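What follows is a single structure, written as structure tokens, with notes after it.
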Amino acid sequence: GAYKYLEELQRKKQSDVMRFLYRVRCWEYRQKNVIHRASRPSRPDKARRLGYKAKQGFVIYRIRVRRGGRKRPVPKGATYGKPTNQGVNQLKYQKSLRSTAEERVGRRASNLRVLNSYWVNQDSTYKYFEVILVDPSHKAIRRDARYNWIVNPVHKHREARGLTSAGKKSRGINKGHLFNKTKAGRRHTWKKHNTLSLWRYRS
Amino acid sequence: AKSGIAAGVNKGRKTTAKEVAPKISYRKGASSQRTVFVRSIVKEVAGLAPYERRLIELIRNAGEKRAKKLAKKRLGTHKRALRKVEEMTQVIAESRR
Amino acid sequence: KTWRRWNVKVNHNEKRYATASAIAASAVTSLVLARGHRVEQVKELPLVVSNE
Amino acid sequence: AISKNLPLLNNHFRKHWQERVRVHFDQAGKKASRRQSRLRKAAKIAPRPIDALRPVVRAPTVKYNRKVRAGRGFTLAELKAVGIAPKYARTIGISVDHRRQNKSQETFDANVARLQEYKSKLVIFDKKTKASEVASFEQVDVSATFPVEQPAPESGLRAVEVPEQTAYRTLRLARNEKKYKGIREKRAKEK
Amino acid sequence: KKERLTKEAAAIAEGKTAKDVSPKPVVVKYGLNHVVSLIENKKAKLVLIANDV
Amino acid sequence: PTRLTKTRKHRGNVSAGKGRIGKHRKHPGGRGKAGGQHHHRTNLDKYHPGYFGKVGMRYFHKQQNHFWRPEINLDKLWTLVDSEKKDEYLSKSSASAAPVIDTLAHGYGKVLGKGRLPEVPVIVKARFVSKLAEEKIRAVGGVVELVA
RNA sequence: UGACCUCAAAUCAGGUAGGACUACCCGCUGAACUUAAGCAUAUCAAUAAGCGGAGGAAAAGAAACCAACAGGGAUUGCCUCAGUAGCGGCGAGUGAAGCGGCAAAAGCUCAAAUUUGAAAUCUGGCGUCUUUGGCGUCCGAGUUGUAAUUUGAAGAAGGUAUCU
RNA sequence: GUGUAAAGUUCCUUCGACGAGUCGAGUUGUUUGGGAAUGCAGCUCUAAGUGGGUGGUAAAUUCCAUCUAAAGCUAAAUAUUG
Ligand SMILES: CC[C@H]1CN2CCc3cc(OC)c(OC)cc3[C@@H]2C[C@@H]1C[C@H]1NCCc2cc(O)c(OC)cc21
Ligand SMILES: [NH3+]CCC[NH2+]CCCC[NH2+]CCC[NH3+]
Ligand SMILES: [Mg+2]
Ligand SMILES: [Mg+2]
Ligand SMILES: [Mg+2]
Ligand SMILES: [Mg+2]
Ligand SMILES: [Mg+2]
Ligand SMILES: [Mg+2]
Ligand SMILES: [Mg+2]
Ligand SMILES: [Mg+2]
Ligand SMILES: [Mg+2]
Ligand SMILES: [Mg+2]
Ligand SMILES: [Mg+2]
Ligand SMILES: [Mg+2]
Ligand SMILES: [Mg+2]
Ligand SMILES: [Mg+2]
Ligand SMILES: [Mg+2]
Ligand SMILES: [Mg+2]
Ligand SMILES: [Mg+2]
Ligand SMILES: [Mg+2]
Ligand SMILES: [Mg+2]
Ligand SMILES: [Mg+2]
Ligand SMILES: [Mg+2]
Ligand SMILES: [Mg+2]
Ligand SMILES: [Mg+2]
Ligand SMILES: [Mg+2]
Ligand SMILES: [Mg+2]
Ligand SMILES: [Mg+2]
Ligand SMILES: [Mg+2]
Ligand SMILES: [Mg+2]
Ligand SMILES: [Mg+2]
């Protein structure tokens, strides 16, 4: 079908065609509201890859998030501590702009569950993301055996808890030796390695 | 298959080898007719990137060493730079007819 | 604090040593009497009764 | 702060350690409740055994090559060799592992014999089966009925055969060949 | 389609295969994936592409 | 028990055994290993020489399983023979039929050569042997069979 | 005279979110007292305070894993590895992981495929019934793709001996 | 029970789609036991198809081993000053 072609063409982002389309769509998205509803995915193939289905109860929001690092929000740059903590500029947020996009969209549409999200476009001031959300109160979702799971309350604001793909990426939830500190949760691992376990018959 | 002793080249205990059926996951890098066809049409529709055109100019101007240095500066690694320069030489050979 | 030490380890063999010593002491009439048991009308120790 | 001839210690107690002290007062309670869970799970599904049959695999590393232990599941080749599909095997108390393979014949044969032994003792009930036959069976412990058994070390009498080259010399020559293999091959190629 | 299915259910009542009562359809193919696969399989004789996709 | 401690005996005496001049204080001298190069040098130099400095090369990601090789000597080698058959083997052992001692299956990596063997042929299976251990095994008419 | 796309309005039909609790849980943000007998890197500590989000557990989870063996085989926890490899004004300090024994064990789902001899899919209104729903019908969603079919351990399409 | 249905099983042939501003690279900050750089994040560059990742000393050359990322669900063993 056409989804393979769509996939292969979106990988040629520096071709003339894709550059023209990105210019035009960046202008239009910058001309709209920071958060707005998208009538449809601008990348149907990418949405399909990320779990979107053209059903009632699947929703798309486009959101615009400011680029760059995280300036320390201390008044006049005074940190009141030791010189190792005096940095104000060149500091970085530990979450991605994709995660920030997801969280702001989920906050705006608080009745939906954030399924996933993807990058759509970019300029010097903003990155643009499209967030795939699912309505858990819609019967087309509740009677769907492949999407009942997100109706259960342990998935309330999963994007706020880092349970989406972007969130698990920023949390370091991967297998292997390169993720020793964060495999099962960084703070959980630290607490486990800093707990004194004492038994009845001390060994 | 092993030397039967604990030191040297090919050390370890001898066992009777059993032929292993290859896993289908090991075919991941193989190409298919579907992806070759789709990629050829997408190359025709999309065209070339600016750095790929610059690479082609260096190769045409006999700057193989320059084209390698550019392809590594752009793509990031020497292995990928080697494959990109080989692909752009094959592109020139497919553009000379 | 609750992480005070409450249980104490004893070597299993030494614990068995003491068990054997106590079993042996149960057959000494003077020890049972000093222990305080009213055993003066038992004809011999150990006292063994039928399986009924 | 440092005094006398004493060992130098590493007592890592400079954080708020007292907020993370786990004292296992509930060791006996957890033992008892663990036993009750184990009894309830067994009685729910009796006479079906509570444990799936596990394979026998060699332990990794040069330190545990000698030992052999229970694996995770029988390979697809092993189940193929005993004519059981993995989907069916998971429903008759056999564990499957799609990840393990059989490079060598010894572990493969051991696990095939183990599967055939379990299959000979298996009795699969059906609709026609009555409660008299079901009650004629006792819930066995599969982990003890088909235990993992270490191969016996070679012992007893055998003829002495002394090679001309000593074992120490053999090891030294193997080490030397491995150490200089690359440079000798480069020298021969250049020559 | 409802009328055709009614006829086919009548034919299966008569004992027929329901494929003989209905002629082979000659219709317009649509759907982007479907039409792309038809072109790749050299089955499409003519393709009309919308200009405002 | 607290009733056996000297805290019970210091009750009634002003300083609790800490002195009237010294006056048991919080941390005179510092905490832990403080001042090891300055005012505890006289202690560390005397009792822990070699404490400061680097020696040798680092080894990133050292897996100790690689270096597993427990030693068994020759004077302890016959303890791996079955106890119920040791005396029979020590008597009836010959070149035609000598006991096999699998040291790896008993948990040993290298056979070392301390001590003396019974003048009795044995077949020793080892991953590694020392030169003198194998010379002594061959001298009693035995052999070392390398395994892996 | 009508479609379509995008965007609005309604006290339109029906829903949903907010707020609370604190012991555990998932993240963000984030000190300094303190230790170094001073002190700035370091330490305290990836801690306190601050902010966002859950559940009865949470999180993790069926390998882009560990290894280097004769190989293991999702995740989690315990015992051990180990105060070790390593990090550190290589100072004060700090510091995991593989293997091994055990507790518990459970596996899987999409996207990428032409149903193309038939959108076979689904929310809602209306009617009715035996009502956590079934049946009928009509709009709507949907071809810029809803069902069936496949998930790499495979699998598909043809042929194939038939069996369970 | 509408079981000419659904599913599995053997063999042969032809195939076998497998996730992109992502991997990866540089640099900056932070963090880590991770040390010519463990993870995370910002910015710049930006892929491929037996390709890609990992193999704890940076690099090129040659092999080998092992998985298959950039999409998703899942009880139990675990925690619990409420
Ligand atoms: C002093 C103890 C209180 C406070 N704490 C702590 C916080 C808390 C939070 C809760 O939810 C977050 C919660 O939910 C149940 C309960 C509590 C309890 C309630 C408890 C009173 C309650 N004890 C049981 C019986 C009873 C009977 C009454 O008539 C009655 O009158 C008010 C009250 C009660
Ligand atoms: N853990 C809380 C303190 C954070 N201080 C960061 C540690 C700095 C040391 N870096 C180690 C040197 C880099 N290899
Ligand atoms: Mg650009
Ligand atoms: Mg809609
Ligand atoms: Mg900012
Ligand atoms: Mg401060
Ligand atoms: Mg999860
Ligand atoms: Mg491969
Ligand atoms: Mg005193
Ligand atoms: Mg005084
Ligand atoms: Mg004093
Ligand atoms: Mg001085
Ligand atoms: Mg209303
Ligand atoms: Mg303090
Ligand atoms: Mg100080
Ligand atoms: Mg002081
Ligand atoms: Mg001071
Ligand atoms: Mg806090
Ligand atoms: Mg609740
Ligand atoms: Mg539980
Ligand atoms: Mg969960
Ligand atoms: Mg997998
Ligand atoms: Mg594992
Ligand atoms: Mg630390
Ligand atoms: Mg209806
Ligand atoms: Mg994938
Ligand atoms: Mg840096
Ligand atoms: Mg921080
Ligand atoms: Mg770094
Ligand atoms: Mg995944
Ligand atoms: Mg409680």
Side-chain angles (χ1 to χ4, degrees), chain B residues 1-39 58-59 62-73 75-90 93, chain D residues 55-68 74-82 86 96-113 151 153-154 161 163 165-186 188:
Chain B
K2 295 298 200 168
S3 67
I5 69 172
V9 167
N10 195 53
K11 73 180 181 193
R13 187 159 294 227
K14 299 183 155 94
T15 48
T16 300
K18 179 189 171 55
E19 196 49 271
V20 176
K23 309 172 73 186
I24 181 59
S25 60
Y26 292 166
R27 218 180 163 273
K28 184 74 162 270
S31 179
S32 65
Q33 311 162 341
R34 167 84 183 148
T35 64
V36 163
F37 186 75
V38 169
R39 267 164 208 155
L58 291 178
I59 299 168
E64 294 293 328
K65 167 76 178 291
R66 296 292 300 274
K68 179 226 282 182
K69 291 174 71 175
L70 183 61
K72 177 173 178 171
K73 194 65 194 69
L75 296 186
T77 76
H78 184 268
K79 155 155 74 173
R80 297 186 173 191
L82 286 197
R83 294 178 65 88
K84 186 58 69 173
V85 169
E86 293 179 353
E87 183 178 1
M88 294 298 103
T89 58
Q90 292 317 101
Chain D
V56 65
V57 303
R58 281 268 148 198
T61 65
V62 67
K63 161 165 189 186
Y64 297 106
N65 287 320
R66 49 195 195 95
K67 298 308 291 295
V68 69
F74 294 89
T75 71
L76 303 173
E78 283 157 358
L79 302 167
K80 181 68 180 294
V82 303
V96 187
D97 196 3
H98 63 270
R99 278 176 296 261
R100 199 166 57 87
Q101 291 83 19
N102 296 110
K103 293 188 287 184
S104 76
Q105 200 88 33
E106 287 86 352
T107 287
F108 171 85
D109 281 323
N111 284 317
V112 167
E154 185 188 6
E161 293 179 353
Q165 189 165 72
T166 59
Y168 175 82
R169 186 61 174 164
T170 289
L171 285 162
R172 287 298 276 177
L173 289 181
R175 284 194 195 276
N176 172 261
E177 166 195 45
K178 179 198 198 286
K179 177 182 179 70
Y180 293 109
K181 173 79 81 170
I183 195 60
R184 277 161 186 166
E185 279 180 340
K186 162 149 160 294

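What you see below is based on every heavy atom in this structure, not just the backbone, and it leaves out hydrogens, waters and symmetry mates. Lettering of chains follows the sequences in order, A, B, ..., and the numbering in each one begins at 1.
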Test item: D/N65 and B/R13 side chains (from C-beta on) under 4.5 Å apart, heavy atoms: no
Residue B/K11 versus chain D: region with a heavy atom under 4.5 Å: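 The answer is neither part of B/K11.
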For B/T16 against D/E106, the heavy-atom pair lying closest together: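 B/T16 and D/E106 have their closest heavy atoms at N-OE2, 3.3 Å.
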Nearest non-hydrogen partners of D/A174 and B/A7, listed with the distance: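 Minimum heavy-atom contact is CB-O, 3.7 Å.
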Chain B contact residues among residues 165-173 of chain D, heavy-atom distance under 4.5 Å: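 The residues closer than 4.5 Å to chain B, in numerical order, are D/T170, D/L171.
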Top of D/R175, D/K103, D/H98, D/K179 for chain B proximity - count of heavy-atom pairs under 4.5 angstrom: D/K103
More than 12 heavy atoms of other groups within 6.0 Å of D/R66 CZ: yes
B/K18 atom NZ, over 12 foreign heavy atoms within 6.0 Å: yes
Any residue of residues 25-35 of chain B which, by heavy atoms, sits under 4.5 Å from chain D: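 The list, in residue order, is empty: none.
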Rounded distance [0.5 Å steps], NZ in B/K23 versus CG in D/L76: 9.5 Å
